[PDB]
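The block underneath contains the structure these notes are about, expressed in structure tokens.
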Amino acid sequence: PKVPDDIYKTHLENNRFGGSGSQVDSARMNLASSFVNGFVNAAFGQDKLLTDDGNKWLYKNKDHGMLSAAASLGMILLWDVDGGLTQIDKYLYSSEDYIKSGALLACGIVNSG
Amino acid sequence: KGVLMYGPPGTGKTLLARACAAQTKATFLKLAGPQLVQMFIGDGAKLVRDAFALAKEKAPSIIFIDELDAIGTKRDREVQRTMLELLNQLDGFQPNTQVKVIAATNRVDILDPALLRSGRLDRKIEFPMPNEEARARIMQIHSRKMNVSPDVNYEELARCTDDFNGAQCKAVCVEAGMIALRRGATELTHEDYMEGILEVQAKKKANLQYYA
Amino acid sequence: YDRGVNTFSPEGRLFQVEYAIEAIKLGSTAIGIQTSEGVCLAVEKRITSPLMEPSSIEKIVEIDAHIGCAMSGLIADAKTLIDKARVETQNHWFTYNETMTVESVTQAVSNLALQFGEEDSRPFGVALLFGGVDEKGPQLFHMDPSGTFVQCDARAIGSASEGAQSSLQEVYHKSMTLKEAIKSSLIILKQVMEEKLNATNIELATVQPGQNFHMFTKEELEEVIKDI
Amino acid sequence: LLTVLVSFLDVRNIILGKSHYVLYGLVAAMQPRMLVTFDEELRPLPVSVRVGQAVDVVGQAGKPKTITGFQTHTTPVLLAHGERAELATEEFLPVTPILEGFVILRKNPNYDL
Amino acid sequence: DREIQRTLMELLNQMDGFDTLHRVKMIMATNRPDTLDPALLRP
Amino acid sequence: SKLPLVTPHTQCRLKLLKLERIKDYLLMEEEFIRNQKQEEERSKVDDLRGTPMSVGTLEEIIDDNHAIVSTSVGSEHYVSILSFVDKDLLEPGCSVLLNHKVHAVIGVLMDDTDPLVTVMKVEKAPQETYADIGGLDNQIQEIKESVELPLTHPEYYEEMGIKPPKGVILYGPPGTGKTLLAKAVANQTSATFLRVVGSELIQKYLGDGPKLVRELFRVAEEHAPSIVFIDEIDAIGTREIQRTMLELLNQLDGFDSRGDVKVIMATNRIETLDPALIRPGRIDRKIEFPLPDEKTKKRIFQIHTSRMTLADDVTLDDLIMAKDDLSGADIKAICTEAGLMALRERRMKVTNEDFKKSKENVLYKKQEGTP
Amino acid sequence: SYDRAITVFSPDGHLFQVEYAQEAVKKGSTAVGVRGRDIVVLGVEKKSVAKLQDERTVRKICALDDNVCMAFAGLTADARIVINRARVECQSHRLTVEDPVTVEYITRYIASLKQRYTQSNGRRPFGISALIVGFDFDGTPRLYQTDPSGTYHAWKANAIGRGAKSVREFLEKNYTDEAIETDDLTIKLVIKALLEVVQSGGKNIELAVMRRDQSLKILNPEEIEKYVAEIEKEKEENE
Amino acid sequence: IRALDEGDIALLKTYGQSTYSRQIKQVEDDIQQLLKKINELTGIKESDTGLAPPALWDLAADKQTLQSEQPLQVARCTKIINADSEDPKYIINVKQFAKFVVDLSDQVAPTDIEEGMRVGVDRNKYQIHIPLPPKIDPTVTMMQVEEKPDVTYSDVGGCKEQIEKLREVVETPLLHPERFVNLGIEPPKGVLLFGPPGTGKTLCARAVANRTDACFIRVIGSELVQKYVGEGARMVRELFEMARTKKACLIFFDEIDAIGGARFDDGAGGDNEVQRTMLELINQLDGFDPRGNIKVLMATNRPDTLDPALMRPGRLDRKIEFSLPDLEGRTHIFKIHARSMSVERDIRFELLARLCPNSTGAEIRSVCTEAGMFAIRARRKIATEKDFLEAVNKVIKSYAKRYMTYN
Amino acid sequence: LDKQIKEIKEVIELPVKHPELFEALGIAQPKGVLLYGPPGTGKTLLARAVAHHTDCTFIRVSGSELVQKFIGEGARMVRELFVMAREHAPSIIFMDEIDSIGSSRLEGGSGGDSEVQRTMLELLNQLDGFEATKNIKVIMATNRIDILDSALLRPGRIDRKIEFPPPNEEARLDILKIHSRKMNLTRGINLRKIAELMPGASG
Ligand SMILES: Nc1ncnc2c1ncn2[C@@H]1O[C@H](COP(=O)(O)OP(=O)(O)OP(=O)(O)O)[C@@H](O)[C@H]1O
Ligand SMILES: Nc1ncnc2c1ncn2[C@@H]1O[C@H](COP(=O)(O)OP(=O)(O)O)[C@@H](O)[C@H]1O
Ligand SMILES: Nc1ncnc2c1ncn2[C@@H]1O[C@H](COP(=O)(O)OP(=O)(O)O)[C@@H](O)[C@H]1O
Ligand SMILES: Nc1ncnc2c1ncn2[C@@H]1O[C@H](COP(=O)(O)OP(=O)(O)O)[C@@H](O)[C@H]1O
Ligand SMILES: [Mg+2]
Ligand SMILES: [Mg+2]
């Protein structure tokens with residue numbers, strides 16, 4: 001599974017936004033990264049970013065990102081209904097509510113098609 | 001009023017011209033043959049004439065020409081024009097006054113009939129392949145500042161450096177200094193001199209089965 | 001300075017027979033090794049098609065029951081040189097009844113090679129390797145179109161002779177058994193020249209002082225193929 | 001697609017605003033592009049095929065079968081837009097003479113050695 | 001190269017303009033007379 | 001922009017339907033266009049550049065907004081640069097618009113000089129496609145792997161860490177389709193196509209050869225994704241001409257990084273090529289174009305006779321048969337001359353005998369010599 | 001130093017004039033010879049009888065021995081010259097040597113003649129190649145080819161001339177490693193090769209057969225057409 | 001057969017039509033005419049100008065400067081009269097316009113103005129006020145590399161001695177002048193690179209340019225060879241002046257065989273002009289006046305062809321030989337090329353090296369690439385030893401490529 | 001030249017005047033015609049007449065004019081000749097005495113040409129590449145066709161050949177009448193006898 005940062009390949013460009021002015025988990029680019037992880041790693045049933053750091057990455061997003069980022073997992077787990085459906089449970093009972101909304105949509109989006 | 005100095009490349013031709021500029025205190029005109037070529041048809045004659053006029057105005061003046069064969073080739077058309085202008089601003093219709101020319105080249109066979117006339121370049125100074133003692137003197141001159149070893153057999157170096165030119169001997173000294181650096185030695189020695197000689201020398205081609 | 005050997009260049013080199021060395025280069029390679037046990041020659045056929053009879057290409061020949069030959073260059077001129085070497089051996093033996101020294105065979109072939117501008121055609125565009133035995137020692141020799149010849153212990157001629165010669169130089173020493181020298185030659189020819197060994201495009205010929213029979217290697221390469 | 005595309009008409013409010021999740025509508029269109037060949041048991045059967053663009057050439061109001069500028073690829077192979085594949089050898093017969101998606105093959109009995 | 005021939009034409013024309021009365025004379029000096037165009041060499 | 005390609009060619013109502021579809025769409029264009037602010041920006045800039053504006057050449061840039069400009073009278077002026085001019089679009093030799101009164105730089109003009117290479121930029125590849133060529137499949141895959149795939153999908157090579165191949169030679173008897181294949185690959189990937197015919201780079205002027213090849217590579221790299229074709233490379237391939245060879249070889253292998261421009265070179269006498277120009281480092285792909293075989297010949301006959309009206313009696317196999325005696329260009333010649341022969345006897349529907357005598361006459365005109 | 005001659009070498013060592021002789025041979029018509037299990041067969045094509053021409057006079061197949069035969073392809077004047085030399089050599093060898101002629105000896109003689117003709121100034125080389133088939137390989141059939149470079153080789157089956165590139169591959173396509181049983185089968189294969197004629201008609205192919213013990217045998221057009229019919233019947237099996 | 005009478009073509013193009021002919025050709029003419037109507041209706045396409053992003057530019061400062069400053073003309077200065085040195089007076093040359101006698105402004109100073117010096121001048125008084133840099137020929141100044149290639153010395157394989165000896169001359173004195181000066185030695189100033197094509201000479205030049213840190217100028221044979229006489233010599237003059245402007249500089253000539261050809265005369269004058277250019281160069285490298293801190297690199301495939309004066313030490317002090325790589329060098333370059341790829345870990349490269357004949361490094365990169373295409377055509381994401389052996393076979397047999405002249 | 005004029009009328013006029021048939025037939029139009037015959041046999045006259053009637057522009061460049069004294073000029077001049085050909089659009093290109101460059105080339109010695117062949121192969125590429133063959137045709141004339149080579153004659157290249165034999169009795173009559181039409185003849189003139197008394201006239 002590819003990494004959104006690696007798709008951006010910030011490791012090679014001249015990162016002209018860096019040092020002091022990059023040390024924040026700001027909402028917008030985090031939502032972009034979650035969408036990229038969902039799209040690029042869609043249907044492959046696995047991820048390295050939002051599987052090991054599943055809860056942790058969610059904790060650093062905010063507001064509508066939770067409804068988005070969690071649902072992102074559903075695209076990775078496409079048509080393995082018993083795959084995603086065993087993976088969304090940890091978020092089906094999440095303390096967070098917006099990520100619960102994202103997970104409750106990911107459950108359905110896994111069954112799409 | 002004309003001195004054509006010549007020899008194989010590697011002798012002291014340009015060095016001797018530079019020394020003459022250094023010591024004679026004259027208003028010295030240094031230049032190379034291609035400088036007078038130029039693009040437009042009538043220009044080359046104009047530079048030649050204007051350089052001679054400037055030499056006239058600076059009266060105690062010396063004109064040095066380097067690489068005659070660039071324009072001095074025997075019979076393009078403009079290079080011919082430039083060298084004709086040089087010929088007649090130097091030999092015909094009241095030359096001399098106090099302008100002296102010095103000429104340097106490696107291909108005297110190329111120039112033949114036009115410039116080499118006794119009237120134009122009165123002296124023809126051959127620069128020979130430097131002699132054994134001459135080669136030793138050249139290496140000593142170039143190695144003065146080298147802080148060489150107190151025992152360096154310059155005679156043996158000259159013996160091994162047959163066919164070597166003065167520039168090649170200077171390269172031998174420089175290469176000996178480089179090899180002394182690669183050893184980290186604070187003063188270069190004789191063995192560095194054979195190593196430099198091996199560096200400067202040719203490749204000896206290869207054994208040719210033709211003759212065996 | 002292009003018409004023939006009768007013209008001298010400013011450097012003295014005749015600008016006709018350097019092209020004869022280059023004609024040596026265009027030919028397929030040949031390898032020769034001189035050992036105390038025996039003298040061996042290896043040769044590549046450069047076989048155009050299997051429909052060819054591989055033995056029809058006479059790039060490995062038997063000069064006499066005590067001397068074999070390989071060569072590189074032009075095949076017709078090589079065959080003419082081989083024919084002369086054979087008739088020279090025949091005549092000298094029939095007259096004097098003493099064995100022809102291999103060096104003498106090289107001398108005779110070289111003396112023929114000196115017949116393009118030395119009497120009254122063109123240099124023989126082929127270089128030869130001889131491997132023979134005699135009453136005083138087993139020898140290997142090489143000669144070229146120029147008519148010069150030399151005693152070699154391990155020589156390579158023809159196309160890509162440089163790499164094969166370098167490998168042969170690196171593997172050779174004065175105390176090799178003929179088996180180890182042969183095997184080194186085969187593995188070298190396999191790695192650098194074309195491919196794995198096979199009877200269709202490679203040939204071997206060995207000579208021993210006490211063996212005037214079966215001067216070649218034939219229909220027994222099998223034991224090599226599995227154990228190479 | 002159509003939901004996402006009509007939504008994007010007010011991108012500041014819909015997508016850049018409150019409703020990023022709307023993008024997930026394209027998962028309703030989620031379909032992979034490939035060829036996978038099976039035998040009649042429906043187990044995978046890797047088969048050499050001829051892949052390339054589609055033109056009619058010598059087909060004028062007739063046969064359009066022309067895989068032009070083709071490569072030889074052993075199945076499975078991905079099929080970008082405009083790509084077509086044809087059985088490289090007639091040793092098989094396809095169940096359906098439209099080689100897109102999952103297809104099944106059978107041994108040709110009419111073909112003889 | 002072109003202007004050389006154009007001015008040579010002017011040379012021929014102008015010195016063909018010498019009227020018999022004129023007290024003007026011509027001397028040309030050269031070191032390679034062969035290169036000279038035969039145009040001048042004519043009577 | 002251009003029209004779509006209608007791909008029935010027989011006169012059928014499918015062709016019609018495609019046509020009136022196109023007419024519908026263009027008529028909507030007409031409708032829409034017939035059924036019919038920034039004055040602040042204009043009033044500042046297009047009034048600062050008070051009409052008229054002269055056209056000159058930029059020589060050097062000295063300060064952030066100060067540059068030297070020459071004009072057609074040849075004079076040189078140190079002038080200022082107004083802020084709206086794109087500095088990155090300015091370089092020595094660039095054509096620049098200037099205020100008439102104060103010669104101030106007021107913008108870059110898109111280049112309209114270097115006429116000859118501007119003409120050889122052609123870009124007029126769309127007359128053919130991989131469709132138009134049949135049977136050259138091995139060659140097609142080879143050139144696709146060498147030049148077409150790195151342009152369309154350099155991702156494979158970058159992911160593999162591979163620097164893509166950087167030179168292709170096509171060779172074979174003439175009329176085998178080398179030029180056609182080059183034009184076809186230029187059509188498949190719409191990268192800019194550059195063609196220059198062999199001897200035409202040989203020039204009387206001493207500099208013009210290497211200079212011409214230098215400017216051609218300069219324009220090629222300027223267009224960035226580009227393919228340059230040198231047909232009959234033999235004319236140069238087999239001191240001055242050798243110096244043009246050295247220039248081309250160094251433009252291929254030498255200093256700097258070339259980037260994306262691909263090189264196709266077609267020869268009829270490949271064995272006469274000098275070793276230097278066939279660089280193993282650069283030219284790793286040599287593609288032979290053999291004389292077409294039975295299958296390829298059949299494909300070429302179908303391709304060329306496809307657009308012609310044919311009778312029933314034509315048995316293509318007797319035309320295909322015998323041996324590999326001829327190439328695709330000869331096949332086109334047979335098709336054309338059979339068309340003329342059918343025309344003389346007043347057939348608009350060519351028959352088998354037409355092709356038979358056509359191939360016979362072509363083989364007569366093919367080669368010559370006393371027995 | 002380019003070629004310009006016969007006895008000088010290019011700087012890379014190649015003699016260009018022998019290559020030019022090879023090209024002159026390449027201009028000639030097809031000639032495909034084979035040797036079978038016991039018999040040797042030959043078929044020449046492109047007769048092209050020009051109506052007023054009578055084909056027999058040209059003699060595209062010539063026999064110069066008690067038993068050996070084939071012409072030499074290229075320029076037919078050199079072919080007739082070498083024909084006369086082969087007649088003289090075979091008769092002289094049979095008269096002078098204790099035992100009769102063998103195919104290897106005559107092949108070597110022709111190769112040496114070509115070489116000695118090439119190896120001199122002012123002597124134009126014979127630009128003709130040939131395919132020699134003989135009987136006395138100790139009572140076995142065998143085939144040789146002769147190349148204007150003064151060179152000779154021993155083929156199981158070879159082709160020279162206009163179809164040299166093609167028919168050879170055809171041979172490489174189907175020269176059966178099984179020795180051809182019923183050498184009539186090898187003759188049918190030769191007829192199939194002759195179907196690749198310059199005119200490809202097959203109605204004017206001149207064929208010779210010699211069973212390594214027999215004398216020269218000549219195949220008439222009708223009986224050769226019989227083998228052509230058998231080959232066509234074999235070809236029609238693809239249905 | 002009689003020629004096509006007008007009735008014959010009429011019936012030919014009438015009887016043979018389908019029942020569609022009229023409609024579809026008429027519709028095609030409507031295609032063309034409607035296209036032309038669309039083109040005339042939309043008008044011509046706006047060619048536009050520069051005009052950087054709108055928020056970036058203008059300000060009233062633009063118009064204020066336009067109406068306040070002066071569009072200075074450019075003039076060659078000459079012959080400072082200096083009649084009394086209280087007001088010196090100067091001569092200026094406005095190209096193809098005129099020649100004037102002028103004075104300085106209230107801003108500039110006499111020390112700021114020299115002879116020549118390419119000064120600027122006002123448009124009506126022609127008073128001199130700006131110090132301008134000299135005219136460097138554009139086709140000479142674009143020759144400066146301005147961008148380092150992505151190659152380091154570690155990418156060069158096998159030639160340890162060659163890279164060491166070349167860095168001794170082109171890199172060490174610039175990096176560590178102290179070693180030479182405190183030992184009191186003058187380092188070499190000219191290095192020639194020679195060897196067979198494709199051995200890595202231009203690669204070594206790229207590595208040097210990447211590690212130079214000083215002003216690096218590439219030079220190609222075609223650049224020097226102009227058409228007009230003396231012009232190439234002129235460009236080399238300007239190039240050496242440019243090199244003198246930089247605090248030290250590196251000059252690289254690629255394939256100096258293009259110009260350095262040995263002088264010959266009997267060929268009806270020969271090329272001559274190329275000889276004149278290389279003669280101006282041979283003077284610039286070492287003639288009158290010291291060259292300066294200019295270290296120079298030449299690489300050529302024909303070392304013997306260059307004129308002996310160019311081979312001469314003092315201008316070409318150190319000559320380096322790039323021979324065909326040895327077995328160890330072949331292994332090293334195979335490693336270097338295989339670094340970038342996605343391959344098997346267990347590729348026994350020294351095997352591939354000993355399969356290689358006397359192959360140049362260009363051949364090594366070629367076979368590595370051919371393995372890359374083998375892997376890609378197989379669609380595998382890992383190149384295997386089988387791919388490398390097919391690549392070796394392909395490259396070697398391709399280079400090897402009737403031939404009955406053999407044995 | 002009625003037979004010759006009818007053949008050339010077909011080959012040249014029929015494509016330019018009636019392209020549709022070739023579009024209807026699908027075959028590309030023939031590119032050019034070669035003319036051969038003894039000098040003075042109205043070859044240039046006939047080509048000029050065809051240029052006039054088909055309303056296409058006439059451009060003439062002789063093969064002797066092609067040679068030039070410098071390499072790289074014949075190629076340039078031929079390519080730009082076809083540049084004028086394309087920019088004039090419907091036109092015919094004449095190469096009178098193309099055999100001057102379509103001739104035997106020096107096969108080694110104290111010198112060589114190497115540029116006649118180069119101009120030949122440049123023209124050969126230009127007409128082989130059918131460069132914008134829309135209403136553009138080429139025509140060449142050769143004296144004694146035997147000296148010409150088949151390089152330009154190879155099938156996909158120039159397609160048709162025309163022979164211009166010396167005028168016969170009737171042709172001599174026609175030429176006499178045509179040229180003497182302006183002349184002031186006198187009663188008693190019998191041009192038939194003059195035509196008979198001139199066997200093998202060259203026109
Ligand atoms: N006799 C000598 N004494 C001292 N140095 C010498 C002598 N001969 C040559 N050299 C050295 O040779 C180098 C080059 O000198 P110079 O330029 O005069 O050579 P040249 O023979 O005129 O060469 P070219 O004709 O190629 O310009 C100098 O560095 C100089 O020190
Ligand atoms: N395989 C082919 N398919 C279609 N047309 C071909 C083919 N080979 C040759 N041709 C015809 O030959 C011409 C191209 O000849 P080509 O070999 O490209 O010329 P060159 O030898 O100058 O490269 C075209 O007009 C084309 O119609
Ligand atoms: N010793 C080597 N180490 C690494 N790469 C090499 C070596 N030799 C050659 N190459 C590769 O082959 C190419 C050789 O080009 P090069 O020999 O520099 O051209 P030129 O012969 O014109 O100087 C380089 O691009 C380089 O990538
Ligand atoms: N059949 C003819 N009818 C009328 N005039 C002719 C005829 N043949 C030759 N001529 C005249 O002779 C001249 C021949 O010129 P040209 O056509 O250039 O000859 P060629 O083509 O052989 O060089 C023409 O000017 C023409 O007027
Ligand atoms: Mg000097
Ligand atoms: Mg005429």
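Counting starts with 1 at the first residue shown.
According to its header, this structure was worked out by electron microscopy, 3.6 Å.
Backbone N, Cα and C define each Cβ position, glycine as well.
Swiss-Prot gives the label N6-acetyllysine to one of H:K95, H:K99, H:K247, namely H:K95. Scan Swiss-Prot for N6-acetyllysine across H:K79, H:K246, H:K401 and the hit is H:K401. On the backbone, the CA of H:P196 (ATP binding site) and the CA of H:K401 (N6-acetyllysine) stand 20 Å apart.
The CA atom of H:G200 (ATP binding site) is located 24 Å away from the CA atom of H:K401 (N6-acetyllysine). H:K401 (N6-acetyllysine) has a Cβ environment of 8 other Cβ atoms inside 10 Å. When Cβ neighbours within 10 Å are tallied across all protein chains shown, the highest count among the binding-site residues H:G195, H:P196, H:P197, H:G200 belongs to H:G200. Apart from H:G195, H:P196, H:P197, H:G198, H:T199, H:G200, H:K201, H:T202, the residues listed for ATP, the same chain places the Cβ atoms of H:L203, H:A299, H:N301, H:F322, H:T360, H:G361, H:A362 within 8 Å of the centroid of those Cβ atoms.
Here the Cβ of H:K201 (ATP binding site) has 26 other Cβ atoms within 10 Å, regardless of which shown protein chain they belong to. Here the C-alpha separation of H:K95 (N6-acetyllysine) and H:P197 (ATP binding site) works out to 47 Å. Reduced to three states, the DSSP call for H:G195 (ATP binding site) is coil. Applying an 8 A CB threshold to same-chain residues 6+ apart, the list for H:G198 (ATP binding site) reads H:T360, H:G361, H:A362, H:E363. According to DSSP, H:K201 (ATP binding site) sits within a helical segment.
Here H:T202 (ATP binding site) comes close to H:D254, H:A299: these same-chain residues lie at least six apart in sequence, with C-beta atoms under 8 angstroms from its C-beta. Filtering the binding-site residues H:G195, H:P196, H:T199, H:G200, H:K201 for a Cβ under 8 angstroms from any Cβ of chain F leaves an empty list. Under 6 Å, Cβ to nearest atom of ligand 3: this is the test, and of the recorded positions H:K95, H:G198, H:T199, H:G200, H:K401 it is passed by H:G198, H:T199, H:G200. Within the same chain, the residues at least 6 positions away from H:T199 (ATP binding site) whose Cβ sits under 8 Å from its Cβ are H:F322, H:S323, H:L324, H:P325, H:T360, H:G361, H:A362, listed in sequence order.
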